[PDB]
Amino acid sequence: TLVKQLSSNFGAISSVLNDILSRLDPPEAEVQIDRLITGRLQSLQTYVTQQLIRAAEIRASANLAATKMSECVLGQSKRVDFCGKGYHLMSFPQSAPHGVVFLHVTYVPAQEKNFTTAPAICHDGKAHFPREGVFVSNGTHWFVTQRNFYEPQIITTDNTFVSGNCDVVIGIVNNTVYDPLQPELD
Amino acid sequence: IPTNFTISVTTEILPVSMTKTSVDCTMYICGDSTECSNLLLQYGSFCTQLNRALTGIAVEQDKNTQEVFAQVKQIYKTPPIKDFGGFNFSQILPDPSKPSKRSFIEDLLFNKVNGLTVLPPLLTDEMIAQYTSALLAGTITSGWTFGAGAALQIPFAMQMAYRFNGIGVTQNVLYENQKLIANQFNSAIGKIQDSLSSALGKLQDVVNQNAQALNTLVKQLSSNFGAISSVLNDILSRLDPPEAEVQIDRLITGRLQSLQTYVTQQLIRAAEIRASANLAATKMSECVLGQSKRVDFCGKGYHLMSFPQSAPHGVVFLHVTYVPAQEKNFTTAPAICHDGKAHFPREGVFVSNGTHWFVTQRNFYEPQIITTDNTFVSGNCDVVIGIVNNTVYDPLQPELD
Amino acid sequence: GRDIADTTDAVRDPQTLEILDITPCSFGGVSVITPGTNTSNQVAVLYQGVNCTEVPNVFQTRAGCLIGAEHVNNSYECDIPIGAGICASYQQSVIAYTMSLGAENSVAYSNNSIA
Ligand SMILES: *[C@@H]1O[C@H](CO)[C@@H](O[C@@H]2O[C@H](CO)[C@@H](O)[C@H](O)[C@H]2NC(C)=O)[C@H](O)[C@H]1NC(C)=O
Ligand SMILES: *[C@@H]1O[C@H](CO)[C@@H](O[C@@H]2O[C@H](CO)[C@@H](O)[C@H](O)[C@H]2NC(C)=O)[C@H](O)[C@H]1NC(C)=O
Ligand SMILES: *[C@@H]1O[C@H](CO)[C@@H](O[C@@H]2O[C@H](CO)[C@@H](O)[C@H](O)[C@H]2NC(C)=O)[C@H](O)[C@H]1NC(C)=O
Ligand SMILES: *[C@@H]1O[C@H](CO)[C@@H](O)[C@H](O)[C@H]1NC(C)=O
Ligand SMILES: *[C@@H]1O[C@H](CO)[C@@H](O)[C@H](O)[C@H]1NC(C)=O
Ligand SMILES: *[C@@H]1O[C@H](CO)[C@@H](O)[C@H](O)[C@H]1NC(C)=O
Ligand SMILES: *[C@@H]1O[C@H](CO)[C@@H](O)[C@H](O)[C@H]1NC(C)=O
Ligand SMILES: *[C@@H]1O[C@H](CO)[C@@H](O)[C@H](O)[C@H]1NC(C)=O
Ligand SMILES: *[C@@H]1O[C@H](CO)[C@@H](O)[C@H](O)[C@H]1NC(C)=O
Ligand SMILES: *[C@@H]1O[C@H](CO)[C@@H](O)[C@H](O)[C@H]1NC(C)=O
Ligand SMILES: *[C@@H]1O[C@H](CO)[C@@H](O)[C@H](O)[C@H]1NC(C)=O
Ligand SMILES: *[C@@H]1O[C@H](CO)[C@@H](O)[C@H](O)[C@H]1NC(C)=O
Ligand SMILES: *[C@@H]1O[C@H](CO)[C@@H](O)[C@H](O)[C@H]1NC(C)=O
Ligand SMILES: *[C@@H]1O[C@H](CO)[C@@H](O)[C@H](O)[C@H]1NC(C)=O
């Protein structure tokens, strides 16, 4: 567009300086030269302004790309939906013409299942809470498993901690907690 | 050490998009005259260039809205039974009685705020309300699991226990204070409801700026710019073409300058609107679909969860945070010296009430007896600066004896 | 007479002395909705902001008058955006519909169950 704007009159009699010079005397010629100069100056200024406005957006995109290089490639990020979709594991950069490509590796769970759950287990007038995980039941028995993957385990005093009585907690369920020290003692 | 807590709910308002306007370059400068159009055809591609800039600005607003509000794969519905453990979500959940499914707070928010053409948005207000309702129902029913894949159900109290764990407080603190926490949340939501009906200035500023720019553009059509008159029909009726051209040229120059100034300032405004929309999309991803550890990003305090509500040309976030209260003085030590060896706390701090020594968690006062189960040994008592003398209990010995 | 922008909104007739309001004639843009050139050579035309009567299947939207597309009362995912919740697709002729936000799902929430 900038190059093509060089064939416009902008009100003058011609778009060629040499034709204006040949077909007119100097005092009248300068009047047309001024019109051409004004038009071409306006075209240049428009080009420069739009170039600045575009460079600002390019800078913002480059800043985002630099932050992503710092936080997805040189570390593991906990920011949600910043480094791919899912639970971020690691990223690999690639170089593209005037750009960069990030390959994000994430962890997606699958194949979920129904379970029954309780907040605490009441045993011997004491309330037990899971140290790290959740209480689940398959219908007849109770286990404790980690939250993001199903691996049931027997409820003992090594998976739980005691805090208070059974009267306060809403939804406490009766069950048994196995003490590993007693069988070895006896 | 704090001995009590407070539940705080606060609001944040972010503009997302603005009005989509278009101007025909030829109609503004000339109107319906052929002579002016023929004279204007000698200036190049200014009119084509100005129309394309405005078209790009208009197209960007739909992307702005889509990036913020379309973040759920499916439209989740809340269950008919509202058994959420004592927590009450009614001013933020939709009501079918209103013809639009906007919630109460959304209704309060919506009640407050020549070649010219205004274009309608691609998404209507009902669709945006449906997006917000789907996000909020997903958050209530499945926690943060629907952000990273399929929605997995969980009771709300257990989700709040997970969120208390996420800020360094144990689960029994939540489970032994559930009614008080529910009451505090309900009171805070009610306070927001009262404060809104009795704010949204950032959304009105954009409307005022756009309207004022359009008014200036329209009013600049009554300037002579050196011609005998500002009305083109009078010039064409009173003068012959050779004498009319010298005035029409001045009118064309002035009107071109006016349109170019308007378009440039419109582009500069659109850039800022885009930056604000990007920030809003980041907040939607990180505060509503997860729990953020960044300080002062989602509210003021320790972030628990956030709820989005749609506003006219904007979005409102309600941030729920944890604020400790009612602190108390204690005396502390780095380690304990017992049997010539130094003990350190596993996940707590040693405190003293003046006569006895206990171990407690850092964000809540809950003293306990110092045993070998909650401490670990490293070295001897000579190296540490500030170690104190005390006894450490061994649970196995009394049971064995 | 003059408006806020100082234009001749109203005039008085000289011969009979009556006041006649002056309102501009209709104008607007013209947009063409097309599939690929390989796919077909038929198009739909949208007159933006123009009532359908003023135009010299006809379907009226909030964006304007749509000519050449039949309205179907089903909902699909958006293909070509028209505006105000209306999209267009080629399914053979061009059809216009109301876009759907997505599939509807109800989570099996309970105070006892976990997944
Ligand atoms: C819940 O899990 C428990 C533990 O695996 C199941 O109990 C076992 O069931 C198998 C199946 O016949 C028996 O061979 C084992 O002897 C059982 N173990 C014990 C300790 O009794 C139980 O059947 C599961 N419940 C359901 C409904 O599937
Ligand atoms: C922690 O703070 C809460 C809220 O201030 C206290 O609960 C209130 O306590 C007062 C004083 O007994 C009662 O009159 C109120 O009815 C309680 N509830 C509310 C909603 O105000 C709570 O007692 C504090 N905890 C401790 C240990 O003092
Ligand atoms: C500091 O904590 C100790 C331990 O709880 C307090 O000592 C107890 O005081 C109560 C009466 O106030 C007695 O019934 C307990 O038997 C005491 N416990 C022991 C182990 O002796 C003590 O009062 C607290 N305050 C101060 C100032 O020492
Ligand atoms: C959990 O049980 C509900 C009961 O209707 C069922 O619809 C849902 O699919 C189950 N979740 C699974 C199988 O992951
Ligand atoms: C679930 O709700 C039922 C019905 O109100 C109630 O009987 C039961 O105790 C509740 N369980 C929990 C864990 O809240
Ligand atoms: C648990 O056991 C206690 C006594 O052992 C009893 O009072 C209580 O009702 C039991 N809980 C349930 C849910 O049956
Ligand atoms: C929630 O609060 C409203 C008052 O704002 C009340 O009318 C409603 O009954 C409450 N919800 C429940 C389940 O009681
Ligand atoms: C703690 O000690 C400081 C300094 O003596 C005193 O100002 C303050 O009132 C005391 N109590 C609390 C709760 O900070
Ligand atoms: C704290 O500083 C005082 C000096 O005022 C000193 O006597 C004391 O030993 C210091 N505390 C410890 C644990 O060293
Ligand atoms: C702590 O006990 C040891 C061993 O009895 C003793 O040598 C040391 O002086 C005691 N510390 C203080 C501050 O008295
Ligand atoms: C002439 O104009 C006057 C207005 O001054 C009007 O009252 C009258 O009817 C007109 N006569 C004719 C014949 O048009
Ligand atoms: C037009 O569509 C056909 C689909 O059958 C495709 O094969 C063809 O490549 C398309 N045209 C061009 C130029 O790609
Ligand atoms: C078109 O004109 C009819 C007749 O007055 C009117 O009912 C209709 O509302 C108009 N169209 C629009 C979009 O307003
Ligand atoms: C539009 O809805 C009406 C409802 O009566 C129905 O009869 C009509 O078939 C629908 N349109 C199409 C194209 O099916």
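Values below: every heavy atom of this structure, side chains too, minus hydrogens, waters and symmetry copies. Here is the naming used below: chain letters follow the sequence lines, and residue numbers restart at 1 for every chain.
Using non-hydrogen atoms only and a strict 4.5 Å limit, the part of residues 255-263 of chain B facing chain A consists of B/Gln260. Of residues 63-71 of chain A, not one residue has a non-hydrogen atom less than 4.5 Å from any non-hydrogen atom of chain B. For residues 22-39 of chain A, the interface with chain B (any heavy-atom pair closer than 4.5 Å) comprises A/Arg35, sorted by residue number. Of residues 160-171 of chain A, those residues lying under 4.5 Å from chain B by any heavy-atom pair are A/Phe161, A/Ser163, A/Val168, A/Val169, A/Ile170.
Looking only at side-chain heavy atoms (C-beta outward), B/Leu174 and B/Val169 stay at 4.5 Å or farther from each other. Taking 4.5 Å as the limit, some side-chain heavy atom of B/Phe164 sits within range of a side-chain heavy atom of B/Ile181. A 4.5 Å side-chain heavy-atom check between B/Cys47 and B/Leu40 finds at least one atom pair inside the cut-off. When side chains are defined from C-beta on, B/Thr141 counts as touching B/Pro79, because their heavy atoms get closer than 4.5 Å. Taking 4.5 Å as the limit, some side-chain heavy atom of A/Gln146 sits within range of a side-chain heavy atom of A/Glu151.
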Criterion side-chain contact (heavy atoms from CB on, under 4.5 Å) on A/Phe115 and A/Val134, from CA distance to verdict: CA-CA 11 Å; A/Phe115 290 108; A/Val134 59; over 6 Å; no
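In terms of heavy-atom proximity, A/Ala96 sits nearest to A/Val101 at CB-CG2, 4.3 Å. Minimum heavy-atom separation, A/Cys72 to A/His104: SG-CE1, 3.9 Å. In this structure, A/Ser8 and A/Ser15 approach most closely via the heavy-atom pair O-CB, 3.7 Å.
Only the side chain of B/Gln153 comes within contact range of chain A, with at least one heavy atom under 4.5 Å from a heavy atom of that chain. Of the atoms belonging to A/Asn148, not a single heavy atom falls under 4.5 Å from chain B. If you measure heavy-atom distances from B/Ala271 to chain A, you find no contacts under 4.5 Å at all. Contact of B/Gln171 with chain A is made through the side chain alone, with heavy-atom distances under 4.5 Å. If you measure heavy-atom distances from B/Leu396 to chain A, the contacts under 4.5 Å come from the side chain alone. Only the side chain of B/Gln49 comes within contact range of chain A, with heavy atoms under 4.5 Å apart.
With respect to chain B, the highest number of heavy-atom pairs below 4.5 Å among A/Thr117, A/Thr49, A/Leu185 belongs to A/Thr117. The choice from B/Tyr175, B/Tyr162, B/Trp144, B/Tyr43 that makes the most heavy-atom pairs within less than 4.5 Å of chain A is B/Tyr162.
Within 6.0 Å of CZ on B/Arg346 lie more than 12 heavy atoms contributed by other residues, nucleotides or ligands. Enclosure of atom CD in B/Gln265 by more than 12 non-hydrogen atoms of other residues, nucleotides or ligands within 6.0 angstrom is indicated. In A/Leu74, the CG atom is crowded: over 12 heavy atoms of neighbouring residues, nucleotides or ligands sit closer than 6.0 Å. For NZ of A/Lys126, the number of neighbouring non-hydrogen atoms (other residues, nucleotides, ligands) closer than 6.0 Å is greater than 12.
Aromatic ring centres of B/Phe156 and B/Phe87: separated by under 6.0 Å. For A/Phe135 and A/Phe129, the gap between ring centers reaches or exceeds 6.0 Å.
Between the side chains of A/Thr156 and A/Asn159, at least one donor-acceptor pair of N or O atoms lies under 3.5 Å. Using modelled atom types and a 3.5 Å distance limit, the side chains of A/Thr106 and A/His88 yield no donor-acceptor pair. Using a 3.5 Å distance cut-off with no hydrogens or angles, the side chains of B/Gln368 and B/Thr360 do not pair a donor with an acceptor.
Ring planes of B/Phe146 and B/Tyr76: perpendicular class, angle over 60° (limits at 30 and 60°).
No option in A/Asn174, A/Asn175, A/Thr176, A/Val177 other than A/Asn175 meets the side-chain contact (heavy atoms from CB on, under 4.5 Å) test with A/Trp142.
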